[PDB]
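Take a look at the structure set out below.
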Amino acid sequence: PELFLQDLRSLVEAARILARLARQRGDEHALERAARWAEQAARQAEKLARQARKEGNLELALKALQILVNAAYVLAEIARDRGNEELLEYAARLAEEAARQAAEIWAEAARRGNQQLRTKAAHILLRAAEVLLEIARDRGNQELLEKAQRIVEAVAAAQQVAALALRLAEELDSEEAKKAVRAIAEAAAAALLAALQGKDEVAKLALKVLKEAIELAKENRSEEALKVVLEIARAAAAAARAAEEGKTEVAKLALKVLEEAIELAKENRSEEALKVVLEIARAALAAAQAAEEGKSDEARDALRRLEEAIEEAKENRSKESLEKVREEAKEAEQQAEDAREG
Amino acid sequence: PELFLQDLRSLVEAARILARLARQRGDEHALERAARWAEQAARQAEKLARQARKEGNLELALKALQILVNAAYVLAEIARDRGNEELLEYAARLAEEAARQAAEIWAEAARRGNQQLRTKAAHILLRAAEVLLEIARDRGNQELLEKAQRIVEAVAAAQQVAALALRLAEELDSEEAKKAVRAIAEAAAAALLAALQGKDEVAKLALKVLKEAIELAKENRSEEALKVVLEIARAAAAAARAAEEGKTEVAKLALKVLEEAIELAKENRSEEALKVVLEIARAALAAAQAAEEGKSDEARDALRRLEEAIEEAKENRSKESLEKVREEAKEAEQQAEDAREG
Amino acid sequence: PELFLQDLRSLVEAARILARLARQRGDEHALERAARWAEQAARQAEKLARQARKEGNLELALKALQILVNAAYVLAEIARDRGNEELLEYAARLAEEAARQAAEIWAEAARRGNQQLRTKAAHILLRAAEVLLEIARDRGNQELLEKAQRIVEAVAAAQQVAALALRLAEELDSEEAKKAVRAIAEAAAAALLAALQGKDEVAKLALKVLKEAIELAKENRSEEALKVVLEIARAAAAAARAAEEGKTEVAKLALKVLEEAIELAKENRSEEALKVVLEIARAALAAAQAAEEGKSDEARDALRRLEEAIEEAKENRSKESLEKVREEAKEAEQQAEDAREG
């Protein structure tokens with residue numbers, strides 16, 4: 001049970017001893033035996049985590065990482081002394097595919113409404129990226145450092161999106177607010193998986209778009225703006241499925257489609273201009289399912305339609321032309337219905 | 001709530017990564033960004049601790065230190081590598097004014113009767129002085145080491161005064177004993193703030209006076225001696241407000257006024273000599289409020305009155321002259337009433 | 001109470017500061033004072049552990065070790081800098097006689113049926129052997145390393161015997177199984193004390209005999225084989241009291257008396273051959289009390305009787321000669337009754 005979880009922690013703390021003890025004894029017979037006391041151990045937890053994540057059980061699969069994550073820092077002191085990069089590039093795959101399912105845990109954290117666990121996942125991601133640090137604290141994998149500095153940057157700022165949620169479910173103890181906050185966070189977890197892939201600038205600017213969402217939500221908070229930011233929360237969310245589809249050319253385009261809209265929020269802040277912005281986003285949630293489908297020449301065919309219209313409200317913002325970008329926003333929202341139907 | 005307390009621990013463990021990761025990448029853009037991930041974090045807890053200590057809430061403001069105390073050991077590895085002593089002398093004020101309110105927590109620990117927390121405060125003071133150690137483990141601030149060696153010495157011995165309290169509230173499970181023990185400890189916390197200021201010898205000998213209190217309390221423990229040591233417990237207490245008033249010349253004099261009295265306790269141990277010692281102390285609790293007032297030429301005017309009387313019981317100790325230092329102790333106790341009235 | 005247990009943890013963390021602080025200040029007056037803040041502390045717990053182990057209280061005497069075990073790693077940084085091997089060979093006796101009673105705790109763990117604590121004891125043994133590592137991480141006590149590499153090897157494999165117990169009290173949730181499992185573990189704790197003494201090969205092969213017990217128990221598990229392995233569990237157990245009696249010549253002989261029997265288990269697996277093996281072991285539990293008595297010329301006189309009979313079932317295994325090693329096993333079991341009576 002959970003006794004076998006504490007029955008495995010000592011085995012890990014038995015490799016950190018026998019590996020440091022057998023490297024200091026010339027016992028490469030026991031240093032290869034202590035290097036086996038860690039390889040024979042970490043797998044029994046990876047199958048335990050795969051079966052716990054299969055049962056939809058969080059708190060145990062969460063405690064299954066902090067023990068399995070530390071298993072790298074012991075195999076680091078082993079494969080560094082023996083010098084075998086075939087046993088060092090083995091802990092590389094042991095940490096990359098480990099933090100793999102660590103973010104799929106932080107998904108249903110906000111996607112199901114657990115807020116004290118979406119901040120408990122950051123420990124693993126923080127204390128597991130530190131397994132590549134001391135692995136290259138002096139060594140040097142130049143391309144690997146270009147990830148942890150773009151990964152650890154994608155954790156601390158990711159948990160920062162969960163900060164305004166609390167300070168807005170506490171500054172606004174409402175259900176029309178704690179539903180957006182739980183979904184404007186269920187939409188912020190995608191920025192993790194969007195900068196955790198090669199495109200680090202795609203999601204650096206993805207959360208940067210959701211940044212102005214709360215700033216335009218604390219400035220003008222309507223019951224039609226709580227749903228304007230919420231219909232834009234889970235709308236810019238799928239801009240990662242466009243970046244996670246080669247279409248970072250269309251995702252960094254799609255994620256930017258809302259930037260000038262959230263900028264046109266507190267300038268011409270009208271209940272008729274909000275419902276034109278609050279109705280302008282829904283196509284992005286359909287154009288992202290189209291760049292997660294493959295129509296980059298049809299998403300950009302519909303994306304190049306709201307550009308001269310982005311140069312419409314920008315050029316012509318007066319009451320009859322921002323309300324003409326209203327009958328033009330409805331026309332732009334029709335290109336998605338002509339594309340979603342396909 | 002307390003979720004934002006765990007939502008801040010990961011942010012600290014995210015600076016210890018990104019600062020060690022960006023110093024090892026030439027990213028003084030991210031090493032100045034990781035040096036900001038710690039500066040933007042520690043303040044949100046210092047205001048949380050100031051608002052928790054404002055509400056009279058212990059256990060949360062106590063857990064607010066162990067996270068805020070560790071914040072120094074991360075900024076140490078930053079300001080040491082960059083070499084900027086304008087960012088290193090910033091963590092100096094971040095640790096000095098931090099342990100500032102750490103002893104004001106241990107005050108109401110015994111001053112309100114919480115004994116398992118007066119020993120929980122020592123962790124912070126011990127694990128926060130260790131933030132100056134690794135900051136100068138090789139560097140070297142010679143004047144700063146002359147504090148931590150006089151500070152850490154003032155913690156371990158301070159928590160030693162709380163040891164006899166337990167072993168006397170357990171060796172004497174009484175209320176006439178657990179009230180003195182809770183006040184002979186509420187009087188021992190002042191020795192912390194008296195050696196934590198420049199005068200390290202003032203309180204080294206202050207607890208050394210309360211040392212013979214329990215030794216003369218385990219030797220001759222009367223119900224009139226439980227109140228003799230208790231009327232001397234919170235009496236020598238205010239000898240710090242004299243040292244914390246420049247008058248370490250009058251405090252180290254006032255703290256020494258009880259030394260020869262506790263020595264005259266188990267030699268001429270009489271219920272008529274106890275009530276002459278048990279009535280000799282109360283003037284010190286009034287002469288300390290006078291050296292905490294400014295009458296160093298009037299406290300020493302009344303202190304130089306019990307000196308030839310200290311040379312009275314010492315010279316003339318026989319039954320008619322220790323009982324003549326009785327009608328002289330009452331005369332000495334009258335100089336405080338002529339001084340307290342002012 | 002347990003407040004004095006937390007009132008002692010800070011005192012330990014006050015030596016690790018003042019010893020590192022006074023060695024870095026030339027204060028060999030305070031470095032000898034910090035070396036006293038640890039010597040005056042560790043004994044108050046060793047008497048607390050001796051009085052807790054006297055009261056048969058586990059969880060507190062278990063938490064009395066993790067604090068007392070760490071006390072070595074602080075005195076290591078002291079006696080290494082001062083260079084005095086008369087203060088370094090003092091922490092040697094402080095760690096050897098410490099792990100002394102650490103295994104006598106893991107005894108009644110399974111010998112009384114507590115399975116989640118027999119795995120909690122491994123932490124101490126693992127995190128206390130690591131006190132000799134950093135003590136000789138660079139120094140070098142060649143004969144001492146020949147112990148910790150044979151001690152830490154005797155912990156991780158010892159807790160491995162407790163693994164099959166869970167995976168057989170969970171794979172077979174029975175009382176005829178959870179009684180053997182609690183006794184085939186109460187018999188595995190002796191292998192700890194048998195390789196923790198000079199004879200490291202005596203118990204390396206002792207658990208190696210109990211290894212084939214479960215392998216022959218998962219292959220052919222009868223209700224007469226659950227009692228065959230259980231009557232062999234606590235039978236090979238006392239093969240340590242023979243090794244812990246100089247008679248490692250008779251113990252490594254006695255521990256090997258069951259090897260060829262567990263090998264003759266799944267080859268001629270008969271309910272009439274099981275009850276001949278299940279009745280062949282009981283003499284070992286009586287021949288081990290004879291090598292724990294001193295009759296090495298009478299135990300080997302009875303041990304040299306089952307050798308030509310070991311060369312009987314091996315030579316003559318057919319149905320009439322393994323059943324003739326049946327009427328010979330009863331004859332061999334009679335030499336113990338003629339020896340136990342003495």
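Residue numbers (PDB author numbering), protein chains in the order written: chain A, 1 to 342; chain A', 1 to 342; chain A'', 1 to 342. A prime marks a further copy of an entry chain. We put the CB at the ideal spot given by N, CA and C, even for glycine.
Practice prompt. Please state if the CB of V155 of chain A' and the CB of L125 of chain A' are separated by a distance shorter than 8 Å.
Written response: Yes, the Cβ-Cβ distance between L125 of chain A' and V155 of chain A' is below 8 Å.
Worksheet item: If we ignore side chains and look at the alpha-carbon of each, how far apart do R241 of chain A and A71 of chain A end up?
Response: Taking the straight line from one Cα to the other gives about 32 Å.
Worksheet item: The alpha helix (DSSP H) spanning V325 of chain A covers which residue range?
Response: Counting along the chain, the alpha helix (DSSP H) containing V325 of chain A begins and ends at 324–340.
Discussion item. Suppose you measure from the CA of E96 of chain A'' to the CA of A34 of chain A; what does that come to, to the nearest Å?
Written reply: Taking the CA atoms as reference points, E96 of chain A'' sits about 23 Å from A34 of chain A.
Worksheet item: If the cut is a Cβ gap below 9 Å, which residues of chain A' does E130 of chain A touch?
Response: What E130 of chain A touches in chain A': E13, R16, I17, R20, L21.
Worksheet entry | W106 of chain A' at chain A interface by Cβ criterion, 8 Å | For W106 of chain A', the answer is no, since every Cβ of chain A falls outside 8 Å of its Cβ.
Practice prompt. Scan the region 85–170 of chain A and note each continuous beta strand (DSSP E) run of 3 residues or more that stays entirely inside, going in chain order.
Written response: If we require 3 residues or more, the region 85–170 of chain A turns out to have no beta strand (DSSP E) run fully inside it.
Worksheet item: Going along chain A'' in order, which residues have a C-beta closer than 7 Å to the C-beta of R127 of chain A'?
Response: Using a Cβ-Cβ cut-off of 7 Å, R127 of chain A' is close to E13 of chain A'', given in chain order.
Worksheet entry | Cut-off 7 Å between Cβ atoms - residues of its own chain near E77 of chain A'', not counting five sequence neighbours on either side | Here the set comprises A19, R20.
Worksheet entry | Reference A136 of chain A; option with closest CA among A:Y73, A:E223, A:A336 | Measuring C-alpha to C-alpha distances from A136 of chain A to each of A:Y73, A:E223, A:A336 identifies A:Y73 as the nearest.
Discussion item. Taking 8 Å as the threshold (beta carbon to beta carbon), is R25 of chain A'' in contact with chain A'?
Written reply: Chain A' has a Cβ within less than 8 Å of the Cβ of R25 of chain A''.
Fill in: Identity of the residue in A':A251, A':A187, A':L144, A':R167 nearest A158 of chain A' by Cα
Relative to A158 of chain A', the option among A':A251, A':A187, A':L144, A':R167 whose CA is nearest is A':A187.
Worksheet item: Does DSSP classify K314 of chain A as helix, strand or coil?
Response: Under the three-state reduction of DSSP, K314 of chain A is assigned to coil, being neither helix nor strand.
Discussion item. Could you give the first and the last residue of the continuous alpha helix (DSSP H) run that contains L258 of chain A''?
Written reply: Segment: none, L258 of chain A'' is in no alpha helix (DSSP H) and carries neither H nor E.
Practice prompt. Count the other CB atoms, across all protein chains shown, that sit within 10 Å of the CB of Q335 of chain A''; report buried if there are 16 or more and exposed otherwise.
Written response: The residue is buried, with at least 16 neighbouring Cβ atoms inside 10 Å.
Practice prompt. Would you please verify whether the beta carbon of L166 of chain A'' is less than 8 Å from any beta carbon of chain A?
Written response: Judged by the 8 Å Cβ criterion, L166 of chain A'' is in contact with chain A.
Worksheet item: Should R9 of chain A go down as buried or exposed, given a rule of 16 or more other Cβ atoms within 10 Å for buried?
Response: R9 of chain A comes out buried.
Worksheet entry | Per-residue DSSP class, three states only, for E223 of chain A | Note: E223 of chain A maps to coil in three-state DSSP.
Practice prompt. Measure the CB-CB distance between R23 of chain A' and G113 of chain A' and report whether it falls below 8 Å.
Written response: Taking the C-beta atoms as reference points, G113 of chain A' is found no nearer than 8 Å to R23 of chain A'.
Worksheet item: List, in order along the chain, the chain A residues whose C-beta lies closer than 9 Å to that of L133 of chain A''?
Response: Chain A residues near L133 of chain A'': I17, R20, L21, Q24.
Worksheet item: Skipping 5 residues on each side, what residues in its chain have a beta carbon closer than 7 Å to that of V69 of chain A''?
Response: Closer than 7 Å at Cβ, skipping near neighbours: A98, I124, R127, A128, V131.
Practice prompt. Anything in chain A'' within Cβ reach of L68 of chain A, meaning under 7 Å, just list it in chain order.
Written response: For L68 of chain A, there are no C-beta contacts with chain A'' under 7 Å, since the nearest C-beta of that chain is about 18 Å from it.
Discussion item. Less than 6 Å between C-beta atoms, sequence neighbours within five positions excluded: which residues of the same chain meet that for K218 of chain A?
Written reply: The answer is none, since no qualifying residue turns up.
Discussion item. For the region 280–295 of chain A'' against the region 233–240 of chain A'', do three or more pairs of beta-carbon atoms, one drawn from each stretch, fall closer than 8 Å, so that the two count as touching?
Written reply: Yes, the region 280–295 of chain A'' touches the region 233–240 of chain A''.
Item to complete: Look at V277 of chain A and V228 of chain A and say whether their C-beta atoms are less than 8 Å apart.
Response: Contact: yes.
Worksheet item: chain A'' partners of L145 of chain A', CB-CB under 8 Å?
Response: Residues of chain A'' whose Cβ lies closer than 8 Å to the Cβ of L145 of chain A' are, in chain order, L21, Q24, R25.
Worksheet item: When the Cα of residue 361 of chain A' is compared with those of A':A79, A':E224, A':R300, A':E171, which residue comes out closest?
Response: Because chain A' spans 1 through 342 in this model, residue 361 of chain A' falls outside it and cannot be assessed.
Fill in: chain A' residues whose Cβ lies nearer than 7 Å to that of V155 of chain A
Ordered by position in chain A', the residues that pass the 7 Å Cβ test against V155 of chain A are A14.
Worksheet item: When the Cα of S222 of chain A is compared with those of A:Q289, A:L274, A:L145, which residue comes out closest?
Response: Nearest C-alpha to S222 of chain A: A:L274.
Item to complete: Classify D27 of chain A' as helix, strand or coil using the three-state DSSP reduction.
Response: For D27 of chain A', the three-state secondary structure derived from DSSP is coil.
Worksheet item: Within 8 Å (strictly less), CB to CB, does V152 of chain A' reach chain A''?
Response: True, the Cβ-Cβ gap to chain A'' drops below 8 Å.
Worksheet item: Among residues of its own chain, excluding the 5 on either side of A203 of chain A', which ones have a beta-carbon nearer than 6 Å to its beta-carbon?
Response: The answer, listed in chain order, is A191, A194, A195.
Worksheet item: Got a sec, what are the start and stop residues for the alpha helix (DSSP H) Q289 of chain A'' sits in?
Response: First-last of the alpha helix (DSSP H) with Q289 of chain A'': 284–291.
Worksheet item: If you measure beta-carbon to beta-carbon, which residues of the region 169–184 of chain A'' are closer than 9 Å to chain A?
Response: Answer set for the region 169–184 of chain A'': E170.
Worksheet item: Are at least three pairs of beta-carbons, each pair with one atom in the region 52–61 of chain A' and one in the region 85–93 of chain A', less than 8 Å apart?
Response: Under the three-pair Cβ rule at 8 Å, the region 52–61 of chain A' does not count as touching the region 85–93 of chain A'.
Discussion item. Can you confirm whether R139 of chain A', when its beta carbon is compared against all beta carbons of chain A'', has any partner nearer than 8 Å?
Written reply: Not one beta carbon of chain A'' lies nearer than 8 Å to the beta carbon of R139 of chain A'.
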